[PDB]
$ cat query35.txt   # compact mmCIF, C-alpha atoms
# COMPACT_ATOMS: atom_id res chain seq x y z
CA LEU U 634 107.01 -21.36 -52.97
CA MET U 635 109.14 -24.02 -54.66
CA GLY U 636 106.44 -26.58 -53.92
CA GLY U 637 106.58 -29.29 -51.30
CA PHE U 638 105.73 -29.81 -47.66
CA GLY U 639 106.26 -26.98 -45.20
CA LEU U 640 107.55 -28.45 -41.95
CA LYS U 641 108.09 -26.71 -38.63
CA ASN U 642 110.28 -29.61 -37.48
CA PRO U 643 111.70 -30.92 -40.77
CA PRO U 644 113.99 -33.94 -41.15
CA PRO U 645 117.08 -32.96 -39.18
CA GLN U 646 120.41 -32.29 -40.84
CA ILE U 647 122.84 -35.19 -40.64
CA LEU U 648 126.35 -33.77 -40.59
CA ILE U 649 129.49 -35.79 -41.18
CA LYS U 650 133.21 -35.11 -41.27
CA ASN U 651 136.52 -36.93 -41.26
CA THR U 652 138.21 -36.87 -37.86
CA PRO U 653 141.54 -35.04 -38.24
CA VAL U 654 144.47 -37.44 -37.95
CA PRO U 655 147.61 -35.28 -37.75
CA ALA U 656 151.02 -36.07 -39.17
CA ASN U 657 154.23 -36.32 -37.14
CA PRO U 658 154.57 -33.62 -34.49
CA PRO U 659 158.07 -32.24 -33.83
CA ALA U 660 160.35 -33.44 -31.04
CA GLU U 661 159.90 -30.38 -28.84
CA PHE U 662 156.66 -28.68 -27.90
CA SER U 663 154.93 -25.95 -29.90
CA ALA U 664 151.48 -24.52 -29.13
CA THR U 665 150.78 -23.25 -32.66
CA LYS U 666 148.39 -26.07 -33.08
CA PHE U 667 148.39 -28.01 -36.39
CA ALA U 668 148.73 -27.39 -40.09
CA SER U 669 150.06 -30.87 -40.92
CA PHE U 670 147.37 -33.53 -41.25
CA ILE U 671 147.22 -36.86 -43.02
CA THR U 672 145.39 -36.35 -46.31
CA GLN U 673 142.49 -38.79 -46.18
CA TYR U 674 138.83 -39.24 -47.06
CA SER U 675 136.04 -41.69 -46.33
CA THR U 676 133.47 -43.60 -48.33
CA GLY U 677 130.56 -45.83 -47.46
CA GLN U 678 126.90 -46.47 -48.11
CA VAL U 679 123.80 -44.56 -47.04
CA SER U 680 120.18 -45.75 -47.12
CA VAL U 681 117.11 -43.58 -46.59
CA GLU U 682 113.66 -45.13 -46.17
CA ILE U 683 110.63 -42.85 -46.26
CA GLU U 684 107.11 -44.20 -45.72
CA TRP U 685 104.45 -42.22 -47.59
CA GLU U 686 100.70 -42.09 -46.87
CA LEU U 687 98.68 -42.33 -50.08
CA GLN U 688 95.24 -40.89 -50.75
CA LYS U 689 93.17 -43.05 -53.08
CA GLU U 690 90.92 -41.53 -55.68
CA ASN U 691 87.19 -41.85 -55.08
CA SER U 692 86.32 -40.68 -58.58
CA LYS U 693 82.95 -41.26 -60.21
CA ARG U 694 84.18 -39.95 -63.56
CA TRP U 695 82.93 -41.91 -66.56
CA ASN U 696 85.39 -41.30 -69.41
CA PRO U 697 89.11 -42.20 -69.14
CA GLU U 698 91.41 -39.81 -67.33
CA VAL U 699 94.72 -38.30 -68.42
CA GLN U 700 97.74 -40.46 -67.58
CA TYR U 701 101.51 -40.25 -67.75
CA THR U 702 102.34 -42.59 -70.60
CA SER U 703 105.60 -43.18 -72.44
CA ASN U 704 105.54 -42.65 -76.19
CA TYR U 705 105.57 -46.09 -77.79
CA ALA U 706 107.56 -45.34 -80.94
CA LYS U 707 110.77 -46.42 -82.62
CA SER U 708 113.18 -44.60 -80.32
CA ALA U 709 116.94 -44.30 -80.33
CA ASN U 710 117.18 -43.87 -76.55
CA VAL U 711 114.59 -44.98 -73.98
CA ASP U 712 113.36 -42.23 -71.63
CA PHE U 713 114.75 -42.34 -68.06
CA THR U 714 117.44 -44.92 -68.86
CA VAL U 715 121.20 -44.75 -69.36
CA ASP U 716 122.99 -43.79 -72.59
CA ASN U 717 125.46 -45.67 -74.79
CA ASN U 718 128.17 -44.86 -72.23
CA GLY U 719 126.22 -45.02 -69.01
CA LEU U 720 125.02 -41.46 -68.39
CA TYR U 721 121.63 -41.48 -66.69
CA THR U 722 119.38 -38.77 -68.13
CA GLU U 723 115.89 -37.49 -67.33
CA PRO U 724 114.30 -36.17 -70.53
CA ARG U 725 111.43 -34.07 -69.12
CA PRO U 726 109.98 -32.93 -65.80
CA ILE U 727 107.06 -34.95 -64.49
CA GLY U 728 104.49 -33.22 -62.30
CA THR U 729 101.83 -35.00 -60.30
CA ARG U 730 98.57 -33.36 -61.38
CA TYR U 731 97.01 -35.90 -63.75
CA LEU U 732 93.86 -37.17 -62.06
CA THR U 733 90.81 -34.94 -61.87
CA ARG U 734 88.10 -34.21 -59.33
CA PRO U 735 85.34 -31.58 -59.18
CA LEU U 736 86.07 -28.29 -57.49
CA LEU H 634 148.00 -15.67 -6.70
CA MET H 635 147.16 -16.32 -10.34
CA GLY H 636 143.52 -16.76 -9.37
CA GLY H 637 141.63 -20.02 -9.20
CA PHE H 638 140.89 -22.78 -6.73
CA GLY H 639 143.55 -23.85 -4.27
CA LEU H 640 143.38 -27.62 -3.88
CA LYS H 641 145.26 -29.82 -1.44
CA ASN H 642 144.41 -32.87 -3.56
CA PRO H 643 144.10 -31.38 -7.05
CA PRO H 644 143.14 -33.30 -10.21
CA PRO H 645 145.94 -35.83 -10.57
CA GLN H 646 148.43 -35.69 -13.40
CA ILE H 647 147.69 -38.08 -16.25
CA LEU H 648 150.99 -39.09 -17.82
CA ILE H 649 151.33 -40.81 -21.17
CA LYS H 650 154.17 -42.09 -23.32
CA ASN H 651 154.80 -44.28 -26.32
CA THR H 652 156.09 -47.73 -25.38
CA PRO H 653 159.56 -48.15 -26.89
CA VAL H 654 159.52 -50.62 -29.76
CA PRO H 655 163.18 -51.29 -30.66
CA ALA H 656 164.60 -51.97 -34.10
CA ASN H 657 166.51 -55.11 -35.08
CA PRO H 658 168.97 -56.30 -32.45
CA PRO H 659 172.26 -57.80 -33.68
CA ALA H 660 172.89 -61.52 -34.08
CA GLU H 661 175.12 -61.86 -31.02
CA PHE H 662 174.48 -60.51 -27.55
CA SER H 663 175.44 -57.05 -26.32
CA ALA H 664 174.45 -55.58 -22.94
CA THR H 665 174.82 -51.92 -23.97
CA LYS H 666 171.11 -51.68 -24.01
CA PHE H 667 169.41 -49.80 -26.90
CA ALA H 668 169.91 -46.72 -29.02
CA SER H 669 167.97 -48.04 -32.02
CA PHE H 670 164.21 -47.67 -31.74
CA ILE H 671 161.41 -47.53 -34.29
CA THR H 672 160.50 -43.88 -34.81
CA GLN H 673 156.80 -43.70 -34.00
CA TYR H 674 154.12 -41.56 -32.36
CA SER H 675 150.51 -41.92 -31.29
CA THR H 676 147.32 -39.96 -31.71
CA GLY H 677 143.81 -40.28 -30.36
CA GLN H 678 141.00 -38.42 -28.68
CA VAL H 679 140.63 -37.14 -25.12
CA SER H 680 137.44 -35.98 -23.39
CA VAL H 681 137.25 -34.18 -20.04
CA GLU H 682 133.92 -33.64 -18.29
CA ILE H 683 133.81 -31.31 -15.29
CA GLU H 684 130.60 -30.75 -13.33
CA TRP H 685 130.39 -27.28 -11.76
CA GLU H 686 128.20 -26.16 -8.85
CA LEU H 687 126.59 -22.80 -9.55
CA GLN H 688 125.54 -20.18 -7.03
CA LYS H 689 122.44 -18.27 -8.10
CA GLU H 690 122.09 -14.58 -7.45
CA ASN H 691 119.55 -13.56 -4.83
CA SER H 692 119.74 -9.89 -5.77
CA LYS H 693 117.11 -7.33 -4.84
CA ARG H 694 118.72 -4.65 -6.99
CA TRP H 695 116.24 -2.49 -8.90
CA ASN H 696 118.10 -1.03 -11.89
CA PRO H 697 119.72 -3.23 -14.58
CA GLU H 698 123.11 -4.73 -13.86
CA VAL H 699 126.30 -4.70 -15.94
CA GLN H 700 126.53 -7.56 -18.43
CA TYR H 701 129.03 -9.00 -20.88
CA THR H 702 127.57 -8.02 -24.22
CA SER H 703 129.03 -8.21 -27.71
CA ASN H 704 129.21 -4.96 -29.64
CA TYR H 705 126.45 -5.07 -32.26
CA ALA H 706 128.11 -3.11 -35.05
CA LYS H 707 129.17 -3.60 -38.65
CA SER H 708 132.21 -5.77 -37.98
CA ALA H 709 134.79 -7.29 -40.29
CA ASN H 710 135.47 -10.26 -37.99
CA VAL H 711 133.13 -11.64 -35.32
CA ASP H 712 134.64 -11.87 -31.82
CA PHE H 713 135.60 -15.40 -30.65
CA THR H 714 135.22 -16.97 -34.10
CA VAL H 715 137.67 -18.15 -36.76
CA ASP H 716 139.36 -15.95 -39.38
CA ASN H 717 139.30 -16.02 -43.19
CA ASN H 718 141.76 -18.94 -43.04
CA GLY H 719 140.59 -20.74 -39.94
CA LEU H 720 142.67 -19.27 -37.10
CA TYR H 721 140.63 -19.16 -33.90
CA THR H 722 141.27 -15.93 -32.01
CA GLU H 723 140.14 -14.52 -28.66
CA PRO H 724 140.02 -10.72 -28.89
CA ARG H 725 139.95 -9.75 -25.19
CA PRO H 726 140.12 -11.33 -21.73
CA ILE H 727 136.80 -11.91 -20.02
CA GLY H 728 136.67 -11.85 -16.24
CA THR H 729 133.73 -13.01 -14.17
CA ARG H 730 132.93 -10.05 -11.91
CA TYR H 731 129.85 -8.49 -13.51
CA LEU H 732 126.98 -8.98 -11.07
CA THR H 733 126.84 -6.90 -7.92
CA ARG H 734 125.86 -7.46 -4.30
CA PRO H 735 126.21 -5.30 -1.17
CA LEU H 736 129.33 -5.66 0.93
CA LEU K 634 98.68 -3.30 -34.00
CA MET K 635 100.05 -1.65 -30.87
CA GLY K 636 101.70 -4.93 -29.92
CA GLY K 637 100.58 -7.30 -27.20
CA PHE K 638 98.26 -10.24 -26.73
CA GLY K 639 94.97 -10.34 -28.59
CA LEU K 640 92.34 -11.80 -26.29
CA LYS K 641 88.76 -12.77 -27.11
CA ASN K 642 87.95 -12.83 -23.39
CA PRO K 643 90.41 -10.29 -21.96
CA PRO K 644 90.82 -9.42 -18.27
CA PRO K 645 87.43 -7.98 -17.34
CA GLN K 646 86.96 -4.34 -16.46
CA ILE K 647 86.79 -3.66 -12.73
CA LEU K 648 84.58 -0.63 -12.21
CA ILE K 649 84.37 1.33 -8.98
CA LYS K 650 82.45 4.35 -7.72
CA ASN K 651 81.60 6.15 -4.51
CA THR K 652 78.08 5.41 -3.30
CA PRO K 653 76.14 8.69 -3.27
CA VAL K 654 75.48 9.85 0.29
CA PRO K 655 73.03 12.77 0.02
CA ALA K 656 72.89 15.84 2.23
CA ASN K 657 69.87 16.91 4.28
CA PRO K 658 66.56 16.52 2.46
CA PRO K 659 63.88 19.16 3.10
CA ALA K 660 61.06 18.79 5.61
CA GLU K 661 58.33 18.20 3.02
CA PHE K 662 58.44 15.86 0.07
CA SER K 663 59.79 16.70 -3.38
CA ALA K 664 60.22 14.20 -6.23
CA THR K 665 62.88 16.19 -8.11
CA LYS K 666 65.40 13.73 -6.93
CA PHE K 667 68.80 15.02 -5.66
CA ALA K 668 71.36 17.66 -6.48
CA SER K 669 72.74 17.93 -2.93
CA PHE K 670 75.27 15.25 -2.03
CA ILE K 671 78.03 15.05 0.54
CA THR K 672 81.31 15.82 -1.21
CA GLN K 673 83.47 12.79 -0.55
CA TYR K 674 86.06 10.46 -2.09
CA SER K 675 87.70 7.15 -1.28
CA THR K 676 91.22 5.80 -1.17
CA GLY K 677 92.73 2.39 -0.60
CA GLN K 678 95.19 -0.13 -1.95
CA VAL K 679 95.04 -2.38 -5.00
CA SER K 680 97.24 -5.39 -5.78
CA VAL K 681 97.41 -7.22 -9.11
CA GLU K 682 99.26 -10.52 -9.44
CA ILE K 683 99.87 -11.91 -12.93
CA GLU K 684 101.59 -15.27 -13.45
CA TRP K 685 103.55 -15.45 -16.71
CA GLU K 686 104.67 -18.57 -18.59
CA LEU K 687 108.26 -18.25 -19.79
CA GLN K 688 109.84 -19.88 -22.82
CA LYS K 689 113.49 -20.77 -22.28
CA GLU K 690 116.03 -20.37 -25.02
CA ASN K 691 117.40 -23.57 -26.53
CA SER K 692 120.15 -21.75 -28.40
CA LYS K 693 123.24 -23.45 -29.78
CA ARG K 694 124.84 -20.14 -30.71
CA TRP K 695 128.57 -19.96 -30.01
CA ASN K 696 129.48 -16.26 -29.67
CA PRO K 697 127.88 -14.00 -27.01
CA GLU K 698 124.46 -12.57 -27.69
CA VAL K 699 123.21 -8.98 -27.48
CA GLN K 700 121.97 -8.00 -24.02
CA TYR K 701 120.27 -5.06 -22.34
CA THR K 702 123.06 -3.57 -20.27
CA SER K 703 123.24 -0.30 -18.36
CA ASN K 704 126.07 2.04 -19.30
CA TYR K 705 128.65 1.84 -16.53
CA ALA K 706 129.95 5.40 -16.58
CA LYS K 707 130.23 8.38 -14.26
CA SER K 708 126.58 9.41 -14.34
CA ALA K 709 124.72 12.28 -12.73
CA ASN K 710 121.43 10.37 -12.51
CA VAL K 711 121.00 6.58 -12.53
CA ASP K 712 118.64 5.24 -15.22
CA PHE K 713 115.19 4.11 -13.99
CA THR K 714 115.56 5.67 -10.54
CA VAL K 715 114.15 8.79 -8.88
CA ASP K 716 115.54 12.33 -9.20
CA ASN K 717 116.87 14.79 -6.63
CA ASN K 718 113.26 15.55 -5.67
CA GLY K 719 111.65 12.17 -6.10
CA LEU K 720 110.35 12.14 -9.68
CA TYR K 721 110.57 8.64 -11.14
CA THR K 722 111.73 8.77 -14.76
CA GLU K 723 112.22 6.17 -17.50
CA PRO K 724 115.00 7.34 -19.82
CA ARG K 725 114.41 5.12 -22.88
CA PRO K 726 111.98 2.49 -24.17
CA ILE K 727 113.06 -1.11 -23.73
CA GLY K 728 111.84 -3.69 -26.22
CA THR K 729 112.16 -7.42 -25.77
CA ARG K 730 113.90 -8.62 -28.94
CA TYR K 731 117.49 -9.23 -27.82
CA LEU K 732 118.10 -12.97 -28.09
CA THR K 733 118.50 -14.56 -31.50
CA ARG K 734 117.44 -17.80 -33.16
CA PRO K 735 117.60 -19.01 -36.78
CA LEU K 736 114.65 -18.35 -39.03
$ encode --input "query35.txt" --output "structure tokens"
Amino acid sequence: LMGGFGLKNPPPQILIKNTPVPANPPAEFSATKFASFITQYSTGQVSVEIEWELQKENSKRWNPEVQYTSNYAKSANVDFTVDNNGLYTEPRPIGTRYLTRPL
Amino acid sequence: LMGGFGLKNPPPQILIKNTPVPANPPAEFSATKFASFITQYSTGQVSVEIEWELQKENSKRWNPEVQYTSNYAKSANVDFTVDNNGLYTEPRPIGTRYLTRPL
Amino acid sequence: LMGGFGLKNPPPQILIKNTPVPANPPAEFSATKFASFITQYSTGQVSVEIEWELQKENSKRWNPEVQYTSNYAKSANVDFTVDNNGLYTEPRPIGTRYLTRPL
């Protein structure tokens, strides 16, 4: 109901954690397991590559259709670019229903 | 007498220690061996994989048998799960004598 | 809406009757067919054998699940057995929704 593709077997969840590396244990044994760990974190890169199957229009409409254009005007800030201090902003939501076809 | 499997040749003991890495020896020689070591410890992972041979029931009992069920009730803490601050608890001992067979 | 398996071609109806064996007809002919039959009935055995395809659980649940157990208590009459004079009784309805899986 939010829109999208309903999938019985969706893309599976990729779960990730840091392996716990404990600090120094005491000299004698104690079975109350571990509260002392080495405070750490990880970083890295992650790349996702989805292939999408397109469906071409077969339209026999005569007149021009409605497009998603950018307003060519004297603007202070370009749409869908970064700001004066590098904040990336998205000025409006873009749907996907622009082309037409008969019912 | 504690229960379990009596084994003449049990699983052998795996013993592990840190190799002693000494600190700086003196300039001249002394044969009173070593009291000065580098204070260290190790960590790692360990995985044990036992394969178990099951014995299926061949029961011709009619009525239902006694099972190990969890009490479905409004509970504050689920049995055999962690607490509000991550302490794993086991609420009761579970035996293994639930199925029946004639003597 | 009663539950079960909706079938376009269900198991076909097996219909059975006793063949009418008439009593003595009169000496002369009469075309008013027959009201006098030999009062009889049949008995026999009937065996039905359905094969059912099961679907195993693939559950990665940790804690124990809810089962159908029989109450182990000092009982006067065992559930789903016969009485003191051989009446077979079923004490409660048993559904089939006991195992769990995520939605």
$ axis_aligned_box --input "query35.txt" --around "range 655-664 of chain H" --padding-each-side "4 Å" --output "AutoDock Vina command-line options"
--center_x 169.3 --center_y -56.6 --center_z -29.0 --size_x 20.3 --size_y 18.6 --size_z 20.1
$ residues_near_point --input "query35.txt" --point "(135.0, -14.9, -30.3)" --cutoff "12 Å" --atoms "all atoms listed in the file" --output "ChimeraX atom specification"
/H:702-704,710-716,720-727 /K:694-698
$ atom_distance --input "query35.txt" --atom1 "CA of residue 643 in chain H" --atom2 "CA of residue 688 in chain H"
21.7 Å
$ residues_around --input "query35.txt" --residues "residue 729 in chain K" --least-positions-apart "5" --cutoff "12 Å" --atoms "all atoms listed in the file" --output "PyMOL selection string"
chain K and resi 636-637+699-701
$ atom_distance --input "query35.txt" --atom1 "CA of residue 664 in chain U" --atom2 "CA of residue 640 in chain H"
26.7 Å
$ decode --input "query35.txt" --residues "range 685-716 of chain H" --atoms "N, CA and C atoms" --output "PDB file, in the first residue's frame"
ATOM      1  N   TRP H 685      25.256 -36.539  15.836  1.00  0.00           N
ATOM      2  CA  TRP H 685      24.535 -37.364  16.789  1.00  0.00           C
ATOM      3  C   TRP H 685      23.658 -38.348  16.034  1.00  0.00           C
ATOM      4  N   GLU H 686      23.647 -39.615  16.444  1.00  0.00           N
ATOM      5  CA  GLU H 686      22.792 -40.615  15.808  1.00  0.00           C
ATOM      6  C   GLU H 686      21.484 -40.723  16.571  1.00  0.00           C
ATOM      7  N   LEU H 687      20.386 -40.438  15.895  1.00  0.00           N
ATOM      8  CA  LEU H 687      19.068 -40.441  16.496  1.00  0.00           C
ATOM      9  C   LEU H 687      18.462 -41.831  16.430  1.00  0.00           C
ATOM     10  N   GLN H 688      17.519 -42.085  17.327  1.00  0.00           N
ATOM     11  CA  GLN H 688      16.736 -43.312  17.311  1.00  0.00           C
ATOM     12  C   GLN H 688      15.266 -42.934  17.272  1.00  0.00           C
ATOM     13  N   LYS H 689      14.620 -43.196  16.141  1.00  0.00           N
ATOM     14  CA  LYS H 689      13.238 -42.810  15.917  1.00  0.00           C
ATOM     15  C   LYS H 689      12.317 -43.641  16.789  1.00  0.00           C
ATOM     16  N   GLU H 690      11.190 -43.056  17.167  1.00  0.00           N
ATOM     17  CA  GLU H 690      10.188 -43.849  17.859  1.00  0.00           C
ATOM     18  C   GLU H 690       9.478 -44.752  16.857  1.00  0.00           C
ATOM     19  N   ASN H 691       9.110 -45.943  17.307  1.00  0.00           N
ATOM     20  CA  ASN H 691       8.281 -46.844  16.529  1.00  0.00           C
ATOM     21  C   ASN H 691       6.955 -47.097  17.230  1.00  0.00           C
ATOM     22  N   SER H 692       6.400 -46.069  17.865  1.00  0.00           N
ATOM     23  CA  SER H 692       5.330 -46.241  18.830  1.00  0.00           C
ATOM     24  C   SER H 692       4.001 -46.496  18.145  1.00  0.00           C
ATOM     25  N   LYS H 693       3.250 -47.447  18.697  1.00  0.00           N
ATOM     26  CA  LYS H 693       1.888 -47.731  18.274  1.00  0.00           C
ATOM     27  C   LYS H 693       0.915 -47.302  19.372  1.00  0.00           C
ATOM     28  N   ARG H 694       1.273 -46.258  20.105  1.00  0.00           N
ATOM     29  CA  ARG H 694       0.373 -45.672  21.080  1.00  0.00           C
ATOM     30  C   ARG H 694      -0.739 -44.909  20.369  1.00  0.00           C
ATOM     31  N   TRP H 695      -1.949 -44.976  20.923  1.00  0.00           N
ATOM     32  CA  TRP H 695      -3.084 -44.295  20.312  1.00  0.00           C
ATOM     33  C   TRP H 695      -3.179 -42.837  20.729  1.00  0.00           C
ATOM     34  N   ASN H 696      -3.361 -42.586  22.021  1.00  0.00           N
ATOM     35  CA  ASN H 696      -3.612 -41.254  22.560  1.00  0.00           C
ATOM     36  C   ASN H 696      -2.373 -40.370  22.440  1.00  0.00           C
ATOM     37  N   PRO H 697      -2.492 -39.041  22.528  1.00  0.00           N
ATOM     38  CA  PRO H 697      -1.301 -38.195  22.445  1.00  0.00           C
ATOM     39  C   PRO H 697      -0.346 -38.418  23.604  1.00  0.00           C
ATOM     40  N   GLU H 698       0.925 -38.182  23.325  1.00  0.00           N
ATOM     41  CA  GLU H 698       1.985 -38.352  24.301  1.00  0.00           C
ATOM     42  C   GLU H 698       2.338 -37.015  24.939  1.00  0.00           C
ATOM     43  N   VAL H 699       3.140 -37.085  25.995  1.00  0.00           N
ATOM     44  CA  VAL H 699       3.513 -35.926  26.798  1.00  0.00           C
ATOM     45  C   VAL H 699       4.690 -35.249  26.111  1.00  0.00           C
ATOM     46  N   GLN H 700       4.589 -33.943  25.927  1.00  0.00           N
ATOM     47  CA  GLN H 700       5.562 -33.159  25.186  1.00  0.00           C
ATOM     48  C   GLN H 700       6.195 -32.112  26.091  1.00  0.00           C
ATOM     49  N   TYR H 701       7.254 -31.485  25.592  1.00  0.00           N
ATOM     50  CA  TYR H 701       7.802 -30.304  26.243  1.00  0.00           C
ATOM     51  C   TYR H 701       7.257 -29.091  25.512  1.00  0.00           C
ATOM     52  N   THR H 702       6.244 -28.469  26.085  1.00  0.00           N
ATOM     53  CA  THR H 702       5.667 -27.265  25.526  1.00  0.00           C
ATOM     54  C   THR H 702       6.073 -26.067  26.369  1.00  0.00           C
ATOM     55  N   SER H 703       5.968 -24.892  25.763  1.00  0.00           N
ATOM     56  CA  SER H 703       6.156 -23.627  26.454  1.00  0.00           C
ATOM     57  C   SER H 703       4.783 -23.095  26.815  1.00  0.00           C
ATOM     58  N   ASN H 704       4.658 -22.535  28.011  1.00  0.00           N
ATOM     59  CA  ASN H 704       3.378 -22.011  28.459  1.00  0.00           C
ATOM     60  C   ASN H 704       3.020 -20.767  27.666  1.00  0.00           C
ATOM     61  N   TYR H 705       2.001 -20.885  26.823  1.00  0.00           N
ATOM     62  CA  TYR H 705       1.468 -19.747  26.086  1.00  0.00           C
ATOM     63  C   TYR H 705       0.608 -18.939  27.048  1.00  0.00           C
ATOM     64  N   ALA H 706       1.180 -17.870  27.586  1.00  0.00           N
ATOM     65  CA  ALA H 706       0.458 -16.982  28.476  1.00  0.00           C
ATOM     66  C   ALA H 706       1.079 -15.604  28.345  1.00  0.00           C
ATOM     67  N   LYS H 707       0.376 -14.596  28.861  1.00  0.00           N
ATOM     68  CA  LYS H 707       0.931 -13.251  28.897  1.00  0.00           C
ATOM     69  C   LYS H 707       2.113 -13.248  29.853  1.00  0.00           C
ATOM     70  N   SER H 708       3.317 -13.215  29.301  1.00  0.00           N
ATOM     71  CA  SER H 708       4.539 -13.338  30.075  1.00  0.00           C
ATOM     72  C   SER H 708       5.337 -12.045  30.034  1.00  0.00           C
ATOM     73  N   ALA H 709       6.056 -11.778  31.122  1.00  0.00           N
ATOM     74  CA  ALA H 709       6.918 -10.606  31.146  1.00  0.00           C
ATOM     75  C   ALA H 709       8.239 -10.887  30.450  1.00  0.00           C
ATOM     76  N   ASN H 710       8.741 -12.111  30.578  1.00  0.00           N
ATOM     77  CA  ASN H 710      10.024 -12.503  30.011  1.00  0.00           C
ATOM     78  C   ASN H 710       9.853 -13.881  29.396  1.00  0.00           C
ATOM     79  N   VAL H 711      10.230 -14.016  28.129  1.00  0.00           N
ATOM     80  CA  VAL H 711      10.155 -15.285  27.414  1.00  0.00           C
ATOM     81  C   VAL H 711      11.191 -16.236  28.006  1.00  0.00           C
ATOM     82  N   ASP H 712      10.837 -17.512  28.142  1.00  0.00           N
ATOM     83  CA  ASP H 712      11.747 -18.541  28.622  1.00  0.00           C
ATOM     84  C   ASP H 712      12.859 -18.753  27.604  1.00  0.00           C
ATOM     85  N   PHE H 713      14.081 -18.961  28.106  1.00  0.00           N
ATOM     86  CA  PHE H 713      15.293 -19.238  27.337  1.00  0.00           C
ATOM     87  C   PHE H 713      15.624 -18.137  26.339  1.00  0.00           C
ATOM     88  N   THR H 714      15.382 -16.887  26.722  1.00  0.00           N
ATOM     89  CA  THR H 714      15.813 -15.724  25.961  1.00  0.00           C
ATOM     90  C   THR H 714      16.546 -14.783  26.906  1.00  0.00           C
ATOM     91  N   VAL H 715      17.013 -13.659  26.363  1.00  0.00           N
ATOM     92  CA  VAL H 715      17.786 -12.686  27.127  1.00  0.00           C
ATOM     93  C   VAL H 715      16.849 -11.748  27.874  1.00  0.00           C
ATOM     94  N   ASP H 716      17.394 -10.987  28.817  1.00  0.00           N
ATOM     95  CA  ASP H 716      16.633 -10.112  29.689  1.00  0.00           C
ATOM     96  C   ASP H 716      16.545  -8.711  29.083  1.00  0.00           C
TER      97      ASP H 716
END
